[PDB]
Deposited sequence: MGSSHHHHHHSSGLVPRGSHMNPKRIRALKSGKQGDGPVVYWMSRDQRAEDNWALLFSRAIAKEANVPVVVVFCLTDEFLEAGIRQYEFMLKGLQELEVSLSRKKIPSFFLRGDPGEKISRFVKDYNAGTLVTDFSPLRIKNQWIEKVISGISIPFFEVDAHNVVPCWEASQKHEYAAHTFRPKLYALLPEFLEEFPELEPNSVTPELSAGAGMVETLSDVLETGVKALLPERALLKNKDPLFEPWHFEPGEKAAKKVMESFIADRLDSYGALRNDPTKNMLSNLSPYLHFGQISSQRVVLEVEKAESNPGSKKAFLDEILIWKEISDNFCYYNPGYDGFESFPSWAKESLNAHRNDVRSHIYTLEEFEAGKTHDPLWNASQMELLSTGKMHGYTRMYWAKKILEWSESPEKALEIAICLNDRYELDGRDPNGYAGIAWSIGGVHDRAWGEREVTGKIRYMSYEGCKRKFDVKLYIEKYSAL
């Protein structure tokens, strides 16, 4: 129980009632520092712990694919917490109104939540803080090293953040204690109903084909905490060995496929890192994978935490902004609208295949994501319109979207965040370029294009 994982958002008079865990980003019962601290605090106060989750009004800004994945897991989570004698309350509406009202209606003693550097989460904290009188803590249950501990400032490169993070692994990379149940079960609708109503409201905006057939295939990733562990186990046993050599090959499915579970916190990245560390496989593949789930994942939280405008042109490096400004007035070879990007109606069959994989599976291969976002910059009227389009399609169709990794990944592709300058070209300037022929020499593009007609 390292106290550096927890941080106080506001101090107050601790009440004589249950400790409330405002679960948001880490939707799991196991390996959850936020829930573990909540139980520890509730134990010292001789009071039970309770979990509250808010089904917010912004769910209509995504699709059915994300909504069902999240709620199906929450249905499983409600069963796990029950076995621990921990009740779970699911509220519908504004977290500011609902969290504050729950604190007063149930006489909460202390309020706890997990950490997310996203703007929407800060928005909720502001409203909640001004509507409660009890202490309020947040715990980093998503990063191995607490975001505010890994670095005190924005890190402009992976090689400047990698040593800082590895130096702190010996202290923060540790096993998880068991979640002790509640002593006695203490004394707002069912999830099957909130799911049915939500799906009905999302159906008109469901992505379809010409024949009114849904595009999304929901049999690629089963949601839940139990499914995530099976995915983790399969990766270490079968794919981890080849990960280092086939991570950049879209035609081969040699990725961990953990992002949907990591995004919703249905599985702890610290748990994955522990299991990987103790697994014997190709050394370079271990290094490659750990580099992605430790450095690149947690540097994205670092990006969004220390850059209020992480989703804007203002957060780009100075060299990228001055380079992109110098080529604003360059004549673009193609200009596509949002609907044209969305439907995969460009001239580049590789880009359209990447969009089709996004629409059909909700998870685009890591390598094609880079190619996908860079051509949006190349075929847009400006870098600002490119960020807008990339963020829209990413957050709308990726199962792992609306995530710090997404904004940090898009900022890398379009603005060169966490990257260096390259040969100066027109339109894209010094931003790293990825040509069509460059991909042909990297993998069998024809197979990838064929798999997503």
Residue ranges with no C-alpha coordinates, please: along the deposited sequence, counted from 1, in order. 1 to 20, 208 to 214, 481 to 482
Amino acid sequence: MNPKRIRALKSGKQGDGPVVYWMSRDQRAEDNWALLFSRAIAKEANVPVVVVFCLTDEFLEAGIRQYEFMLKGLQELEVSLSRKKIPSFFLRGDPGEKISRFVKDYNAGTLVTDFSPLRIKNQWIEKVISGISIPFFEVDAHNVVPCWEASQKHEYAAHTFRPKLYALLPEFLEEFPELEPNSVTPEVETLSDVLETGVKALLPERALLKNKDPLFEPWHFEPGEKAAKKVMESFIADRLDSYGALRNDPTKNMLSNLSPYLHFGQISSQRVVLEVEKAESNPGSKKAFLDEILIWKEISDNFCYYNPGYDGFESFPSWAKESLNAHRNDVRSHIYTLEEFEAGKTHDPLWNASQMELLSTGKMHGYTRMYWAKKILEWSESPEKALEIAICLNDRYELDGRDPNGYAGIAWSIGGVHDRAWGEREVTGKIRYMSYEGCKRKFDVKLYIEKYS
From here on, numbers count along this sequence of modelled residues.
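Definition used throughout: the rigid core is the maximal C-alpha set that superposes within 1.5 Å between two forms.
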Comparing 281 to 289 with 209 to 217, larger root-mean-square C-alpha distance from this form in 6 other deposited structures of this protein, core superposed, belongs to 209 to 217
Between 406 to 414 and 55 to 63, where do the CA atoms move more in 6 other deposited structures of this protein, taking the root mean square over the structures and residues after a core fit? 55 to 63
Using a one-third cut-off over the other compared PDB entries, is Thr185 one of the residues left without coordinates? yes
When mean C-alpha B-factors in the record are compared for 27 to 35 and 41 to 49, the larger belongs to 41 to 49
Looking at the deposited entry, does 398 to 406 or 418 to 426 carry the larger mean Cα B-factor? 418 to 426
Going by the CA temperature factor in the entry, name the top one among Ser300, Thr185, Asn122, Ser151. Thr185
Among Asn307, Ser133, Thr361, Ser259 - the residue whose C-alpha B-factor is largest in the record: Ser133
Hey, what third does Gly198 fall into on Cα B-factor, ranked over its chain? highest
Modelled-residue ranking by C-alpha temperature factor, third containing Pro163: middle
So where's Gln75 on the chain's Cα temperature factor ranking, which third? middle
Ranked by Cα temperature factor within the chain, is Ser100 in the lowest third, the middle third or the highest third? highest
So where's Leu209 on the chain's Cα temperature factor ranking, which third? highest
